[PDB]
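Protein chains in written order, with the entry's author numbering: chain C, 12 to 118; chain G, 12 to 118; chain O, 670 to 690, 743 to 960, 967 to 1032, 1047 to 1269, 1277 to 1309, 1314 to 1320, 1336 to 1348; chain H, 29 to 121; chain D, 29 to 121; chain A, 37 to 134; chain E, 40 to 134; chain B, 15 to 101; chain F, 17 to 102.
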DNA sequence: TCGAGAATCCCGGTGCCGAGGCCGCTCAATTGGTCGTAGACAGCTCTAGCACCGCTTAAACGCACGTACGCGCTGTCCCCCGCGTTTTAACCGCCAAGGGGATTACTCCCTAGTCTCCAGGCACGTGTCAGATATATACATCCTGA
DNA sequence: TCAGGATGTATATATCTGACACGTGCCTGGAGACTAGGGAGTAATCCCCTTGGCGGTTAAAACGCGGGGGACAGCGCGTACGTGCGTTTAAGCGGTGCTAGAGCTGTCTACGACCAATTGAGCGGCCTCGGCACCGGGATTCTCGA
């Protein structure tokens, strides 16, 4: 009867049990499923590694080992669909990337 | 042991029991209160009689006994805060009240 | 024996029409019989069947009740209809009011016959723009009218007039367009208020599903309204093989013919005018082709075996191989007409033999289409063979319909195959020239016999009528044939009905009625590719046509004609439908 | 076959406000879904509003702050007057 | 005193994606509330999504249509590939 | 000399006649085959009630009316009455769509 | 010297390039405390909440000058007036 | 030949010049340029494409092939377009 | 512990500061009447966010306003702030 | 400066189809008597906000100063408003199958509920290193003048 | 086009400051074990939803031509914030207390679940009839020119 976390059975990081019990007590539904928190863990893996990966590419572009919320905003708004989902929501300390209008600059 | 609806104890129209059980089975909270569905019934009384009253004033202005969704849109948008709450949401068959821009009309 | 109790049930409800303004004796209790036509009748004479039909409508006039004229098109229904209008205008001196309802396509005939037969009757016609309609709309409200024309589509728009006014005798036409129960035109008649009397008039008997229960078997007659609404379930199961449908149900159906004696009247032209010597009804059986081979049945495997399987994956692609044209770029990516694109279909292959021979033998062919997408594709490849022809459709807008016929009826005209649909023309097209008819797919309702054949069998064609009905082996349109043709031939008792629903010589409803009851044994016999040379013999009318086809044979039989067909080119099988689904 | 709506409730409101005024079916439906949606905002926001403090049961104060925070303006004061008036009238018996 | 956060989870994600890249506390917090809010949208919309059909229990299909309907674009296809891949990997054992 | 009107007055009478009436404006069946045609691209054989066609038709109808109204305010603010692609793309740009 | 407007370009690039905070903390501090004194007495404010609201209204207000800038360039006049910004808050659905 | 269904007036132009004309007359704008037609039909096709995408998502989730009115009510309600009178 | 009353409780935002804040927005030309209206709309939005915040803190029966109440006020306000919790 | 044509509401009646009732049914609202339990005060920490408070300094403000720029005016044409005319496909109605949403009903079944038992993440000290300010320098980029 | 100045930059360095990781207590998530009720795959079942078409009727939809007037550059000029230059000066900043209440835990109940029993309240089918839509036709009201 060895205890083995079911989150490691799928080879993931975010735990299935914490999101499972949190979804239970979160009064979202009167019951819960089995593979639903596993699928949640999966999409959290791919999204977290997605935006974290673009953040790593931005920090590598700026020659910085660590990451900055500036690089987070640049990574978000650079991507098309990622900024399409986050276009309505704002950010904290991220800012606005440099942009110059067409006729605003002189000849 | 005479049965007397508790909605009539407050002298209201919308029932306390239907909104109470509906709020229970509506999985909004793990438990429910006592006077909460009564307060819900009250605000439904004042809001329903509010917008229904402005609708009655609009139908009386147009010399129509019954009410029309046109008169509903006119009643909503005429009021300041009532249109402020409903400004984001649209309507069905209501339409747009006549409006003329300043310089759009000739001299 | 439920119809025997109906003899006593009529006496209560029979006086609704008379007082409030044995089924023989109750109908025969009053004596008025006049055989002679009216003296004011001008413009021709009445045939023996028109004289009796007149008095037969006078036999209806005995107790004044409603009646039905079910007879065949081409017998001059207009003559028999205008006869009663001028007959009652004279004898009984009631002089009106009279109301007639005719379709707009045939209204030109009804409006033109008011000159010859009845000059003295002032009429009214509503057609064209509402302003021209308003001209006679205000004139009739003053009380000026005798017989008023109108069509079906304006009945809902004539509600103004008919609601406030009141009529006596109304007459209609096209009684088998009334066949829709819930139809507004059926509901407007109840909204129409009422009148004294009426004559429901149809050109063809009951069609499609179980025999007509809504109007002739309910709405027309005083006892018949609510009576059979309870009996509707009992007589519907009549229509366990020999015991039901033959042994006992015989007299059960005979009681259905027993109650309809005074009501319906139907007489064929072959029993009165008999100008047509006879018809010829053959068939043909083809097989599949490249796209129509098991790939066809395989196309049923993709979708089910969009939606509407009968329409989409069956009726469409059984005639022409590729439909909706998305798969056209697969077999033929150039979408350009070239040699033998139209011969890859099984149903279409047979026509490659007949079209060359009909030109040398000088025969003119009538064609009726379904699935109007086939109409253009047919004509398109018909440019490749380079033979003359003429088109038509429901989009003609009624203008060229009458004009194109004078170009078709020209004797010097080499136009042969004549394009038509089944529902187009309203049977008023009046084509006596073409002696040959071919049909690609079966029609569900008998109108295929009651429309397409009325183009041939009508007066003016003295030659033999030929019909070619296409079918393929192991296909879906097979079972429709038995369903359309065979299973709906219960109306064969109805086409037999009018024979003994007429003057009805005694031997007709027993001795010669059994002859029709001997036709069901061949149904089991038919229930149990052919050859291009086998059809070669049956398409020739006489001996000198047999001699010229052998000369045409030796010409095309020396040279090969590729092959007669084309087979599935093996790559299009799995490549076609895997990218669509 | 089985459906539920306020209906005669709102109709009696019309009878006690404007007796001579009528209402159509489309108006009863648009006001039906109107009050149902307003209730969806009140209870929907009151859910997480009670979830902030980790309070299991919902009470009249949760709905109070709920609808008071929902619609801005002076209308909330009338909501407090009529609402709390009905609360005291209900608890008084 | 008692607080919960993903933390070392996201940190190990960083270790398995970009080992040489570091993360600050503000970044761990903004991505913490980021994934918590994205989960709030997925489960929050999945609640009423399962409420439309009157289905009491929530399943993997409810979350499937939930997040698939949440974010538009081609990203949903990768969400289906990785997500259903982890579902089949979990149910396979 | 025939009868005419000064340019723009007929437009006033129209705008009053439409804004005064609540009747449906755009035509049903073109919207029907529009929704069916664009819906055929996603999934096969969708069944549409007329109530849903009135739903989406009136929704996008009135919202699009609000789009021409917002575009009209941007145009009158632009000092040029004529609406161009620029003020309407600025309307859908400020609305937060693209 | 410099041609008029070029210094503005160099500025805009320097700011839009940097993510650092712009408006000053303490004026916003006594602003929130002063406007908050009108509603309720003795409110306690953490610096994290001051950064919260300050960065929120800061970036959103930047979006207001950006939207107003697009309305200005569409107006054919580069200069922003009360009209295009009140039209910005009007189209945003505030008043 | 002319049998090909490719040649026809495209379905995106089902909305016509006097149609959208009257529509903008209800909108309140007067003078309209040429590209307002095509561009407005573009936004129409894009937005209605998103809405029908949501609708086929909800209805596809129910395993039913019938997109109902309550569906459109749920999509518009989630977007903020909520349409009363039906749901 | 003590009290300090000093003037300029409204316009205290300085034109160089808010001017640079507009420079972050990419605006080219800034008029003289933009500042007052900007503090007007910022004042109304301030009324909204602080009315919400005091609704939260007033509901919590606490005398201290927390950043969580601001995250929720902005939350139902339509913008979700991240990194400070919630 | 006003007197000539169309456009539109005001009555003046008429069909007409849902709105209000009205009645039968039936089932969720209501009541009574358990029964387990958050939650409503009560007390105790202790802590980060709340003021001075002296010191420092980039930031804000008043002032000069000065070219861009927007406001107003002015001519040119070309595009949409508005007339007329064709023309024309949605809107009804009507054919004739075939098939897809909802109600009982039932009986297997999969994840709450709970109970026992164990190992994993998280608050807490820790000491070591990635990064931000301070500084000098050939190189990168806009201005004013020729 | 290049002399003479305002803004960036990478090569030592050294120097505060936070991130990382290396071990410890401690709430806790899972893994067997056993009941219970939500749901699904069956199967009738009646009313709308779809395919192929016809027959018509219009009020819109499209095209052609006149022509009125505003988009649309081009020009002149009166300001007015943009750009320095001093001159205050209040924002920080670290360094002192102080404390009102956030938070955490302990304890005794008033209070909502929860089941059994009881019905009027509200929901499906009739019914009938007065307010609303519609067609005239005429009294203006509105618009545009002599």
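Beta carbons: idealized from backbone N, C-alpha and C, even for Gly.
Chain F beta carbons: is any one of them nearer than 8 Å to that of residue 67 of chain D? no
Using alpha carbons as the reference points, say which of E:63, E:125, E:43 and E:101 lies closest to residue 55 of chain E. E:101
Does residue 75 of chain B pass the burial test, meaning 16 or more other C-beta atoms within 10 Å, or should it be called exposed? buried
Closer than 8 Å by C-beta to residue 1342 of chain O: which residues in its own chain qualify, once you throw out the five before and the five after it? Chain order, please. 1071
Can you pull out the residues from the stretch 82-106 of chain E whose beta carbon lies closer than 9 Å to at least one beta carbon of chain C? 90, 91, 94, 95, 98, 99, 101, 102 and 105
CA-to-CA distance, residue 1028 of chain O to residue 854 of chain O, given in whole angstroms: 56 Å
Tell me whether residue 84 of chain F sits in a helix, a strand or coil according to DSSP, three-state version. helix
Pull out every residue of the stretch 19-32 of chain C whose Cβ sits closer than 9 Å to any Cβ of chain D, in chain order. 20, 21, 22, 23, 24, 25, 26, 27, 29 and 30
Given that a residue counts as buried once 16 or more other Cβ atoms are within 10 Å of its Cβ, and exposed if not, what is residue 911 of chain O? exposed
Residue 40 of chain G and residue 94 of chain H look like a contact to me (Cβ under 8 Å); what is the Cβ gap, rounded to whole Å? Wrong, their Cβ atoms sit about 11 Å apart, outside the cutoff.
Our contact map puts residue 751 of chain O next to residue 783 of chain O with C-beta atoms below 8 Å; I'd like the distance itself, whole angstroms only. 5 Å
Which residues of chain B have a Cβ atom closer than 8 Å to the Cβ of residue 99 of chain D, listed in chain order? Here the premise fails: no neighbours, minimum Cβ distance about 12 Å.
Residue 134 of chain A versus residue 126 of chain A - alpha carbon distance: 10 Å
Grab the span of the alpha helix (DSSP H) containing residue 677 of chain O for me, first residue to last. 675-682
Nearest candidate by alpha-carbon position, reference residue 876 of chain O, set O:920, O:822 and O:916: O:822
For residue 88 of chain B, go through chain D and note every residue whose CB falls closer than 9 Å to its CB, in chain order. 76, 77 and 80
For residue 56 of chain B, I'd like the list of residues in its chain whose CB is within less than 7 Å of its CB, leaving aside the five on either flank, ordered along the chain. none
Alpha helix (DSSP H) runs wholly inside the stretch 894-926 of chain O, at least 4 long, in chain order: 905-912
Any chain C beta carbon closer than 8 Å to residue 39 of chain F: no
Using 8 Å as the threshold, is the C-beta distance between residue 1177 of chain O and residue 1107 of chain O below it? yes
Using a Cβ cut-off of 9 Å, pull out every chain H residue sitting near residue 35 of chain F, in sequence order please. Simply none; closest approach about 31 Å.
In whole angstroms, what is the alpha-carbon distance linking residue 66 of chain D and residue 77 of chain B? 26 Å
Quick one: give me the first and last residue of the beta strand (DSSP E) that residue 1162 of chain O is part of. 1158-1162
Rounded to whole angstroms, what's the CA-CA distance from residue 915 of chain O to residue 1259 of chain O? Just pull it up for me. 46 Å
Along chain F, which residues have their Cβ under 7 Å away from the Cβ of residue 54 of chain E? 36, 39 and 40
In this structure, how does DSSP classify residue 1130 of chain O when only helix, strand and coil are distinguished? strand
With a floor of 4 residues, list each alpha helix (DSSP H) that falls wholly inside the stretch 60-101 of chain H, ordered by position along the chain. 88-98
Quick check: the Cα distance between residue 1242 of chain O and residue 765 of chain O, rounded to an integer number of angstroms? 27 Å
In whole angstroms, what is the alpha-carbon distance linking residue 117 of chain H and residue 107 of chain H? 15 Å
Counterpart residues of residue 869 of chain O in DSSP-defined beta bridges: O:820 and O:845
Coil, strand or helix - residue 83 of chain E by DSSP: strand
For residue 892 of chain O, collect the residues of the same chain with a Cβ closer than 6 Å to its Cβ; drop the 5 residues on either side in sequence, then sort them by chain order. 821 and 920
Give, in chain order, every residue of the stretch 42-71 of chain F whose Cβ lies closer than 7 Å to some Cβ of chain C. 42 and 44
As assigned by DSSP and simplified to three states, the class of residue 1138 of chain O: coil
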